Amino acid sequence: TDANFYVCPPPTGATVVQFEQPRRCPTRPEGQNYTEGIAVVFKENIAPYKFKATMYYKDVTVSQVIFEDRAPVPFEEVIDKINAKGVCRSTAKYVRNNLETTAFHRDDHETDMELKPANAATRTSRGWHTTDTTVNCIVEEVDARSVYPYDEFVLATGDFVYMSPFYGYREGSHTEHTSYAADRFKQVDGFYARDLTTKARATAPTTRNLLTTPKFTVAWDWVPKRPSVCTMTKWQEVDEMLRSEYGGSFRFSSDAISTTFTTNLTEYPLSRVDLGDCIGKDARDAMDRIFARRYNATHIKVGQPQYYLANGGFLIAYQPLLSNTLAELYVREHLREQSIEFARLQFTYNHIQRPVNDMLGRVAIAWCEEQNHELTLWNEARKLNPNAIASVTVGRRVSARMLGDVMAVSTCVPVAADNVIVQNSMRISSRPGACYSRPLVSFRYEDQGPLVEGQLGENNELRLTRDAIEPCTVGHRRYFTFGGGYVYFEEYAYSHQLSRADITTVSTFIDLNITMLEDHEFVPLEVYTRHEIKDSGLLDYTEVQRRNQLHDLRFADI
Amino acid sequence: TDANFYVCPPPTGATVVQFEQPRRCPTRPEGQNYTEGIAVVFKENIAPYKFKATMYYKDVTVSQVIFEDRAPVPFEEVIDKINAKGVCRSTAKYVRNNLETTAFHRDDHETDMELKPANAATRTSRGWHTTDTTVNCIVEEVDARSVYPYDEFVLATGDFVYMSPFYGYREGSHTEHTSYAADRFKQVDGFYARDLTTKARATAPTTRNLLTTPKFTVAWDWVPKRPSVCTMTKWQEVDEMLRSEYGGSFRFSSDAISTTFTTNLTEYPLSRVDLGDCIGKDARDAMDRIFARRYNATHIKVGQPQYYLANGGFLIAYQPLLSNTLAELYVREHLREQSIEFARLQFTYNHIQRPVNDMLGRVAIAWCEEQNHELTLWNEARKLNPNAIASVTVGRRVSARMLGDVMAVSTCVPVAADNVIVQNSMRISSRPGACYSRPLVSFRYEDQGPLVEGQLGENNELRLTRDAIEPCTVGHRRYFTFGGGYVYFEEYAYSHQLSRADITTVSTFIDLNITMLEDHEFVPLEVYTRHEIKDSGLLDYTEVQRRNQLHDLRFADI
Amino acid sequence: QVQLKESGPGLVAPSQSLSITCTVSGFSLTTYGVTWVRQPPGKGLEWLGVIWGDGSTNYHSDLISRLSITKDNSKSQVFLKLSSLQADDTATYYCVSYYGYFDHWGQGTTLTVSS
Ligand SMILES: *[C@@H]1O[C@H](CO)[C@@H](O[C@@H]2O[C@H](CO)[C@@H](O[C@@H]3O[C@H](CO)[C@@H](O)[C@H](O)[C@@H]3O)[C@H](O)[C@H]2NC(C)=O)[C@H](O)[C@H]1NC(C)=O
Ligand SMILES: *[C@@H]1O[C@H](CO)[C@@H](O[C@@H]2O[C@H](CO)[C@@H](O[C@@H]3O[C@H](CO)[C@@H](O)[C@H](O)[C@@H]3O)[C@H](O)[C@H]2NC(C)=O)[C@H](O)[C@H]1NC(C)=O
Ligand SMILES: *[C@@H]1O[C@H](CO)[C@@H](O[C@@H]2O[C@H](CO)[C@@H](O)[C@H](O)[C@H]2NC(C)=O)[C@H](O)[C@H]1NC(C)=O
Ligand SMILES: *[C@@H]1O[C@H](CO)[C@@H](O[C@@H]2O[C@H](CO)[C@@H](O)[C@H](O)[C@H]2NC(C)=O)[C@H](O)[C@H]1NC(C)=O
Ligand SMILES: *[C@@H]1O[C@H](CO)[C@@H](O)[C@H](O)[C@H]1NC(C)=O
Ligand SMILES: *[C@@H]1O[C@H](CO)[C@@H](O)[C@H](O)[C@H]1NC(C)=O
Ligand SMILES: *[C@@H]1O[C@H](CO)[C@@H](O)[C@H](O)[C@H]1NC(C)=O
Ligand SMILES: *[C@@H]1O[C@H](CO)[C@@H](O)[C@H](O)[C@H]1NC(C)=O
């Protein structure tokens, strides 16, 4: 078998995911009225609306070697030159030194030229341009997303558009939010699209919107707003959650959520809203399902469920429970007082509540300490390799990088293994003494498509930039992941390919049956007579920490 | 809500915490006489004695551009010039080329000058100096600590003082340890303090001690030695601990301690010491509390508790236990032999001890393997970020760094969020092409206090040195933690501030509902026409590992 | 030179709370502590407690449940408190400073518990 390759692009920042941090676990339990039970937490339905938008812009530069900037394209040029004929006007207008100025392509004359598809781009992010003073016209199709407020929508490039995607004039959408002058927007009725790759023209009309931002022109199809779905969505069904009362506020804790919620001790009147049919129905249905799964044989329900609004925008549904052993103590004590109703009886017998408070207290503290141990370790690995940590946290291969203290994320494009080829050598002939640290690769996004140049990354990743170069060494030997198996390289030359099952695996935590042997270092004689560094494998943490120390010494020498 | 900021100073080494390492877990169980039970381990009461001490010293240098060194200040100058008037003598004495030498401030004349408070310092580490040949007088108030032996006390600067803090002549303290000549120490009766910040003079006397070390003069108030407290203290109450006999020595193991103790198979005669009332009382009280918490319903106590001295200075109290199922086997077998007393009966029936030895053997081995897995991962993260690992291990924000193979630790000073301001720009105008990697900040240690300059660190940390500079890039976008929320910066310019709840959170381990999109890289045209590097976020582990490779190539080119 | 003087009610009823204040001069209470000692009629001395320069305090095992000591550094006075007084509490209370170990002692106040 062979795994699919991935060409992960660099995220621009359209999607930023903050990540949780450690907490202050109490040294000794202090919460009152401890109790276990089932819970279902609901998150605010952000209602993400995704759509594709076309971006237009031009580039202008001076041939003397200066003054390079970007500017948008007017509306008439997009709907007449580009839409009707797929061509861009040669002349371009811009502001230079706070003064109106113009330019032309090679200063030839006022003419028109057709647009051509981008050389590499992506199959899902098609783009076009007029050329691979100088003027260039560029048109690109990118994705866009909007949230419940629908006041702004972010493009795939990371730039926000302060305007509602549903704004228009066809269906009285003038009331929609907008932050641009009336002269900066235009809507066309009966508009027909034209795929520049084929120029076959659209088959049916689609009203098109057009906006001109200070840096580019954006256009998207105006679609009526869909009916609003339920305002809340099930975030996660908690199998077990402990509730504690302290400081006039409840405290909910779990082992899987890794977060503590706080409420005002008053049940939110869910009945006040007619959405109970969406939340009350889904919530109650989950309580019985979880209860029948494991609590039907050992626990008993205590009254009807409860709903509370927690800090951060979460709605927590609750169903307090108590073990059969604790139930025996309550009924036994109740019989003494008599000389069946668990509600309005729990927390009454202080002597019976004293041991359970301490018992459940250790469980809550244990989860908090364990979660802090995992959170601090997870956060460190996240900074060390956001690609692997981001991919596992979402269940699919994903690209990500840290934009300071927040992590930007984007999706990766997969490519089949039969569409990639690896070069036979990793040495660069342009300059001796330097060679690529990883094998070079050439591939195509799809079968029969154009070939592109790139470099092999980690975990079948395909890098579009060939920059992983390093001073070369003697006795080189490395294994690189390539599809299902591995590709072996020695002395910066392709040797052969081997499968995944041809190498010893240590899947288990501890394996003492490794038939290892005392390796004897064998260095070529050129290391002594020519003083050329010998191979040392990838840099260990101390090696990189020690390697930069030498750089400081070299700088001091200089 | 907003979290308090922290200005963590660099630890000097007064407090060094070594940290545990992996162990050699047995591949198969080999211990004999396995048994479970409750345990309470006691550590030697080090009895840390903390106090504040004042340090005095002078600096002398030559104006020609040489010979810069430090020297202490005599006793008469401290008690007459500094204590009575808060001034330092202009002239200073020192040894140059193994010869007596003197100096003066600007070579003017023999005069006196007053001391002024330190420009930044800390509210809890107040310091003073005469000036912000050249001579400068400095006086500082730092913390000191001493351990049970009371033979030496370490100052906050990390320098040890080989002398007992209780040494003196008032109450016959001549027998206290000391390693300095009699002429290097002086004690003053009826001494009056004077806070240099106010010069209000003390209200009541306090006998003061004075010592002159080779580098500085130290003075502290002589306080009589407090009565000695119990010699041992409860280190941790073990909820479950397994005891095994092997190689003529017991072996105690637990799941929370992560350390194995070894004893000589002989109970330490705790009754031999009268401290049993402190250890025997506290120990026995913990045995019943732990037993009544979870072992009263499933286990039975086997005889009276036991005490053993383990390697490393630990005293382990024990209470062997056995499950009810195992109890049935013993009583059932005892009845056969009869053709109630669990003591002197356990380990007798070999056929009954054979399965329990193997059963508990897996538990002990399982804990050892799991602990090694966590220890090796924890130790690696410790080297990667001692500040976060040190803070969670103690429960409070703390500063720390690795002094080779040992970690030095110190406490951090908190500052309110309303006392810090962030600059609107992070670009430095002194030299184009370079700019700070994090926003600059200005704050004050307390309300109405003087303002200080610094840089914003990680996790609301405030750095007193502005040195985090980097080659600048195009399309810059970063989020930095600032108080409760985040501060957004783009193109090295302050954009706006946002709250903590305005970013998607992935608190749970796996979240598949991330509404991400395929980001399309948007680079300014100057990257091509001006060849200026584009932003790439923080450096991934491979990037830093790949970035230094280029440096090696650049050095080779040079 | 150091001196200490006690001030109390002299006579109190049983089961009430006692309050005695010891005024001291000659040393700063911020650095040195003060110890309390009592002596019933015809018996030896008995240690009650102590308050060091810091806010920490130590009390006898037989009086920890009822004994309590506080102070004020500005006034150089140490307040002694004792709740649930019994009949045998009748004794002469003294306040002994730590400028030394037990160098200076106060004159002492004779207290009697009776209705
Ligand atoms: C739990 O209860 C507290 C206290 O009642 C709630 O905080 C309160 O929240 C209300 C809004 O729901 C705040 O009122 C608003 O405050 C400011 C002026 O302070 C202004 O914007 C508005 O005119 C309005 O009055 C109120 O100030 C605030 N009180 C406090 C003491 O913070 C809290 O929201 C409740 N939490 C949950 C999760 O239900
Ligand atoms: C467990 O038992 C062993 C063996 O008895 C203990 O080791 C012994 O410890 C004593 C001191 O307690 C050592 O005696 C001293 O040794 C040297 C000369 O070797 C010298 O400094 C003194 O004159 C004195 O004799 C003794 O040598 C040492 N024996 C061995 C074989 O190492 C051990 O301390 C016990 N462990 C525990 C935790 O109780
Ligand atoms: C724990 O729960 C009990 C039972 O609800 C609380 O005790 C009651 O408190 C209310 C006021 O909140 C009183 O009117 C009742 O008389 C109390 N007793 C009973 C039997 O209901 C108790 O306050 C809760 N504990 C905390 C710390 O809030
Ligand atoms: C396990 O414990 C048993 C019981 O104490 C030990 O067996 C006794 O050993 C002593 C000498 O240490 C003998 O005098 C007894 O006759 C033995 N039997 C009994 C029933 O007490 C046994 O030695 C221990 N195992 C190991 C490996 O030390
Ligand atoms: C709970 O268990 C009882 C006893 O077996 C059974 O009758 C009942 O149907 C169960 N209920 C659910 C909801 O599983
Ligand atoms: C090899 O594996 C066997 C089990 O298959 C194990 O018993 C043995 O100890 C192992 N040998 C080594 C040298 O680790
Ligand atoms: C142990 O449990 C028994 C049976 O319920 C009970 O009588 C006894 O008081 C319990 N002892 C302790 C110390 O909790
Ligand atoms: C979104 O969350 C729901 C539960 O609220 C889950 O069933 C669904 O699979 C999630 N969708 C995706 C695309 O991950």
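Scroll up to find the structure this text is about.
Residues numbered from 1 in each chain as written, not as in the entry; some residues may be left out. Chains lettered and ligands numbered in written order. Part of a larger assembly, values for the part shown. Heavy atoms only, no water.

Chemist: I tried to follow the overall build of chain A on my own but got confused; where do I start?
Modeler: From N to C terminus, chain A includes seven helices and 35 strands. Along the first, second and third principal axes, the C-alpha set of chain A runs to 105 × 80 × 50 Å. Looking at chain A as a whole, 46% of its 558 residues are labelled buried. Of the roughly 30,500 Å² of accessible surface on chain A, 51% is carried by carbon and sulfur atoms. With 62 positive and 73 negative side-chain charges, chain A shows a separation of 3 Å between the mean positions of the two kinds. (Helix = DSSP H or I, 4+ residues; strand = E, 2+ residues; numbered from the N terminus. Buried < 20%, exposed > 50% of the residue type's maximum accessible area, 1.4 Å probe, protein only. Areas by Shrake-Rupley, 256 points an atom, 1.4 Å probe, with all protein chains shown as cover. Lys, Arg positive; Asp, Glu negative; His and termini not counted. Charge placed at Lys NZ, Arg CZ, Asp CG, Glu CD.)

Chemist: I would appreciate a short explanation of the overall build of chain C in the present structure.
Modeler: For chain C, the helix and strand inventory stands at zero helices and 10 strands. Counted from the first residue to the last, chain C has its helices and strands arranged as β-β-β-β-β-β-β-β-β-β. Computed over C-alpha atoms, the radius of gyration of chain C comes to 13 Å, within 12% of the 13 Å expected from 2.2 N^0.38 for 115 residues, which places it in the range of a compact globule. Projected onto its principal axes, the C-alpha positions of chain C cover 40 × 25 × 25 Å. Relative to its 115 residues, chain C shows a buried fraction of 48%. Split by element, the accessible area of chain C, about 5,400 Å² in all, is 50% carbon and sulfur. (Rg over C-alpha atoms; globule rule 2.2 N^0.38 Å.)

Chemist: How should I be thinking about the interface of chain B and chain A in this particular structure?
Modeler: When the parts come together, some accessible area is lost, and that loss is often what is quoted as the size of the interface. Taken together, the 64 residues of chain B in the interface contact 88 residues of chain A. Between chain B and chain A, a total of about 7,400 Å² is buried, with carbon and sulfur atoms accounting for 56% of that surface. Area buried by chain B at its contact with chain A is led by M516(B), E518(B) and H520(B), which between them contribute 11% of it. For the interface between chain B and chain A, the tally reads four salt bridges. Linking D552(B) and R547(A) is a salt bridge whose minimum nitrogen-to-oxygen distance equals 3.1 Å. Put simply, chain B and chain A have 31 residue pairs in polar contact between them. Those elements that place two or more of their residues in the side of chain B that touches chain A are α4 (350-384), α5 (386-394), β33 (477-482), β36 (504-505) and α7 (541-557) of chain B. Per-element tally for the side of chain B that touches chain A: the top contributor is α7(B), with 11 residues. A class-by-class count of the residues in the side of chain B that touches chain A yields 28 nonpolar, 19 polar and 17 charged. (Contact = heavy atoms within 4.5 Å. Buried area = accessible area lost by both parts, 1.4 Å probe. Salt bridge = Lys/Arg side-chain N within 4 Å of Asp/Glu carboxyl O. Polar contact = N/O pair within 3.5 Å; in protein donor to acceptor, adjacent residues only side chain to side chain. Nonpolar A, V, L, I, M, F, W, Y, C, P; charged D, E, K, R; others polar.)

Chemist: Where do I start with the relation of the copies chain B and chain A in this structure?
Modeler: Mapping one chain copy onto the other needs a rotation about an axis and a shift along that axis. By a simple turn and slide, chain B fits onto chain A: the slide is 0.1 Å along the axis, the RMSD is 0.0 Å, and the turn is 120°. The superposition of one copy onto the other is thereby described by a three-fold rotation axis. Within chain B, the C-alpha atom positioned nearest to the axis of rotation is that of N548(B), 4.1 Å from it. (Least-squares fit on C-alpha atoms.)

Chemist: Looking at this structure, I do not really get the site of ligand 2. What am I missing?
Modeler: Residues and elements named next belong to chain B. As a structural note, the neighbourhood of ligand 2 is formed by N264, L309 and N311. Residue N264 places a side-chain N or O atom 2.3 Å away from an oxygen atom belonging to ligand 2. Considered on its own, ligand 2 offers 750 Å² of accessible surface; in the complex 15% of this is hidden by protein. (Near = heavy atom within 4 Å.)

Chemist: Sorry, what's going on with the site of ligand 8 here?
Modeler: In the neighbourhood of ligand 8, the contacting residues comprise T233(A), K234(A), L512(B) and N513(B). At ligand 8, the nearby residues belong to more than one chain, namely chains A and B. One nitrogen or oxygen atom from the main chain of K234(A) is found 2.4 Å from an oxygen atom belonging to ligand 8. A distance of 2.7 Å separates an oxygen atom of ligand 8 from a polar atom in the backbone of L512(B). When isolated, ligand 8 has an accessible area of 360 Å², and the protein chains bury 41% of it. Residue composition of the shell around ligand 8, grouped by class: one nonpolar, two polar and one charged.

Chemist: Teacher, can you tell me more about the interface of chain C and chain B here?
Modeler: The partner chain B presents 14 residues to the 15 residues of chain C that form the contact. Carbon and sulfur atoms make up 53% of the surface buried where chain C meets chain B, a total of about 1,300 Å² over both sides. When the buried surface of chain C facing chain B is broken down by residue, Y32(C), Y99(C) and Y101(C) rank first, second and third, together holding 47% of it. At the surface where chain C touches chain B, the tally comes to two salt bridges. For the side of chain C that touches chain B, the per-class residue count stands at seven nonpolar, six polar and two charged.

Chemist: I'm lost on unusual backbone geometry in this one. Help?
Modeler: Most peptide bonds take the trans configuration, and most residues that are not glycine carry a negative phi. Residue and element names in this part refer to chain A. For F67, which is not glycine, the phi torsion reads 55° and is therefore positive. Examined against the element boundaries, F67 turns out to sit in the loop between β4 (49-61) and β5 (69-71). For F67, a relative accessible area of 22% gives the class partly exposed.

Chemist: For this particular structure, what's the right way to read the pattern of salt bridges?
Modeler: For side chains of opposite charge, pairing can occur when their charged atoms come near one another. Under the criterion given, the structure shown has 68 salt bridges over all chains. For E237(A), the salt bridge goes to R289(A), with nearest N and O atoms at 3.1 Å. Taken as a pair, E237(A) in strand β18 (residues 232-246) and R289(A) in helix α2 (residues 276-295) lie far apart in primary sequence, 52 residues in all. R289(A) sits in the partly exposed class, given a relative accessible area of 45%. Between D143(B) and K52(B) there is a salt bridge, and its shortest N-O distance comes to 2.6 Å. For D143(B), a relative accessible area of 34% puts it in the partly exposed group. A relative accessible area of 39% places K52(B) in the partly exposed class. Salt bridges sharing partners connect three or more residues here, namely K58(A), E76(A), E77(A) and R89(A).

Chemist: Explanation requested: the side chain of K534(B) in the structure shown.
Modeler: All names here are of chain B. On the secondary structure map, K534 appears in the loop between α6 (526-529) and α7. A distance of 3.1 Å separates a polar atom in the side chain of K534 from the backbone oxygen of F522. If we ignore the near neighbours within four places in the chain, the residues touching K534 are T473, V474, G475, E521, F522, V523, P524 and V527.

Chemist: I'm lost on the state of the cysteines in this one. Help?
Modeler: Defined simply, a disulfide is a covalent bond joining two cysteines at their sulfur atoms. According to the stated counting rule, one finds 11 disulfides over all chains in the structure shown. The partner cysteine of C88(A) in its disulfide is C137(A), sulfur to sulfur 2.0 Å. In this structure, the disulfide formed by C88(A) and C137(A) twists by about -45° around the S-S bond and is classed as left-handed. The buried category is assigned to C88(A), whose relative accessible area is 1%. Using a relative accessible area of 4% as the deciding quantity, one classes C137(A) as buried. The partner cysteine of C8(B) in its disulfide is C412(B), sulfur to sulfur 2.0 Å. The sign of the S-S torsion, about 105°, decides the handedness of the disulfide formed by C8(B) and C412(B): right-handed. With respect to class, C8(B) is no different from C412(B); both count as buried. With its disulfide-bonded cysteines labelled consecutively along the sequence, chain A is connected as 1-8, 2-7, 3-4, 5-6, 9-10. (Disulfide = S-S within 2.5 Å.)

Chemist: I keep staring at the nonpolar core and nothing clicks. Help me out?
Modeler: Burial of nonpolar side chains together is a common tendency in soluble globular proteins. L155(B), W220(B), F27(C), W36(C) and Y93(C) are the most contacted members of the largest nonpolar core, which has 49 residues in total. Those residues in contact with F27(C), other than ones at most four positions away along the chain, are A204(B), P205(B), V2(C), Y32(C), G33(C), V34(C), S97(C) and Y99(C). (Core = buried A, V, L, I, M, F, W, Y, C linked by side-chain atoms within 4.5 Å.)

Chemist: Just to check I follow, could you spell out the environment of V392(B) for this structure?
Modeler: The topology assignment puts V392(B) in helix α5. Residues within four places of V392(B) in sequence aside, it is in contact with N372(A) and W378(B).

Chemist: Would you take a moment to explain the sheet that holds strand β34 (residues 485-490) of chain B for this structure?
Modeler: The strands that make up a sheet are held in pairs by hydrogen bonds between backbone atoms, and each pair lies either parallel or antiparallel. Residues and elements named next belong to chain B. Strand order in this open sheet of three strands is β33-β34-β35, and the pairing throughout is antiparallel. Each of the sheet's edge strands pairs with one partner strand only, and the pair in question is β33 and β35 (493-498). Shown here is a sheet whose adjacent strand axes are inclined to one another by a mean of 25°, direction ignored. (Pairing = 2+ DSSP bridges. Axes fitted to C-alpha atoms, helices over the stretch in contact; angles between N-to-C directions.)

Chemist: Any chance you could explain the arrangement of the chains here in plain terms?
Modeler: With two pairs of chains in contact overall, the greatest share of contacts is found between chains A and B. Nothing in chain A touches chain C, and the closest approach of their C-alpha atoms is 21 Å.

Chemist: What exactly am I supposed to notice about the environment of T393(A) here?
Modeler: Assignment of secondary structure puts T393(A) in helix α5 (residues 386-394). The exposure class of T393(A) is buried, given its relative accessible area of 7%. Contact partners of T393(A), with chain neighbours within four places excluded, come to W378(A), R382(A), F509(B), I510(B) and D511(B). Within polar-contact distance, the side chain of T393(A) engages the backbone oxygen of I389(A) at 2.8 Å.

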